[PDB]
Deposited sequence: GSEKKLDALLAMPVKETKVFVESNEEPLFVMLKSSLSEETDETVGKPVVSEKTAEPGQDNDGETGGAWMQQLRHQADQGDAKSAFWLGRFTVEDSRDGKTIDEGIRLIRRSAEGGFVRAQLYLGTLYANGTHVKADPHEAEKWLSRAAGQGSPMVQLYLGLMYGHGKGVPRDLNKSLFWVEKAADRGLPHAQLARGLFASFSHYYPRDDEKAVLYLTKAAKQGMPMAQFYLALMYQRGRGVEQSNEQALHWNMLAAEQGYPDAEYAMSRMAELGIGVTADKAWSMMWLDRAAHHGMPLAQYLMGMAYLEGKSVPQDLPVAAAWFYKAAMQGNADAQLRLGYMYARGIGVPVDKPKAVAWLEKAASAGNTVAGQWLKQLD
């Protein structure tokens, strides 16, 4: 069965960035109580927040939550930054109150206006989102860039990715390198990975294979899979170092064991065609399987054929078409051609 090896292999770029929008990438990461309430009703804005917050979280009664939200709002009127942020998220997510974008914007803009750079980055990421607060990409860049200039590593990465890989924010490769470097010096592997990507592709800075090797190494030493795969390509094509196919797949092995579906699929390829490692069909099918579950249509295609004819695995026609039509739905044409053959 050599028809599986005869298909042309898809050559990838040295650095493989995420296809996901950076916005959604960043947007994912007794008697004592009577004494306490008496303090809040006399002006203690801090007692009003903590009693009110722990009231709406330790109760399912509708009227108990309402009487706790009053304490949270009363503390927000007093200007407590924690109450402004807590009441602000309540209106952005519609939790326990009507989802009010104008009311959510007011408290979150106040909390960010006097709060930590984390809260400022939080408001900025939500300003270019539309849900919760009204969409405003200018106010979004302002709060994100302000939180970055204060030293927050996450906001620096966010500002760099927005001016480099976003379908929303303007493209400025020169400014992206400035903020990616600010976060890469602080130790963020993703910031070091994306900074090395810029240094190689010549976006925003002068092309330098010496520079791309430095920042991607710092990210690869930390175990960042995308950086480890970039090391597999740099070592194979002799970029920044001399060519070393053996060392190339040392990196490919790390990124595969670290969970990267692209590396796992290429590891399955490596053991399928015994060229850089001894041919091991059951191990090749196991590597295709671990990436096929993560949605890699290329691995789903290889594993489906190995099931249709029993290479490395038993002959299982149910499981064969199970992965084939799961890969054809992802746009794999040849997967549907083989699927058309199995009745």
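Lining up the deposited sequence with the coordinates, I want the ranges that have no C-alpha atoms.
Comparing the full sequence with the modelled residues, the uncovered ranges come out as 1-5, 35-65.
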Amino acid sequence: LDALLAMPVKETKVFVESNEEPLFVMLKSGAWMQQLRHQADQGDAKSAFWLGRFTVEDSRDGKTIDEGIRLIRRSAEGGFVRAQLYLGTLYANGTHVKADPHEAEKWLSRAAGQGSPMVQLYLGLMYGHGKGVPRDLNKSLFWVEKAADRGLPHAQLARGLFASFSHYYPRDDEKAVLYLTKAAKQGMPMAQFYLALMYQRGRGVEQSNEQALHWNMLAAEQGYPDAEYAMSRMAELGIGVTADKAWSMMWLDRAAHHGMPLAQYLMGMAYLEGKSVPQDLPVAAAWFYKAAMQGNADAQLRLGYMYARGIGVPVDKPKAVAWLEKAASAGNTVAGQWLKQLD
From here on, numbers count along this sequence of modelled residues.
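Could you check the entry and say whether 324-332 or 9-17 has the higher mean CA B-factor?
So the stretch with the higher mean C-alpha B-factor is 9-17.
Mean CA temperature factor from the deposited coordinates, higher in 168-176 or in 77-85?
Per the PDB record, 168-176.
With respect to the C-alpha temperature factors reported in the PDB entry, which of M188, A112, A155, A246 ranks highest?
Comparing C-alpha B-factors across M188, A112, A155, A246, the top value belongs to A246.
Sort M269, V205, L252, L71 by C-alpha B-factor from the entry and give me just the highest.
So the option with the highest C-alpha B-factor is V205.
Quick check on the deposited entry: does the C-alpha B-factor of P101 sit in the lowest, middle or highest third of its chain?
Top third by C-alpha B-factor.
Ranked by Cα temperature factor within the chain, is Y194 in the lowest third, the middle third or the highest third?
Middle third.
How does the C-alpha B factor of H258 compare with the rest of the chain: lowest, middle or highest third?
Its C-alpha B-factor belongs to the middle third of this chain's values.
Could you say whether, by C-alpha temperature factor, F142 belongs to the lowest, middle or highest third of its chain?
For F142, the deposited C-alpha B-factor lands in the middle third.
Tell me, lowest, middle or highest third: where does the Cα B factor of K317 rank within its chain?
It falls in the middle third of the chain.
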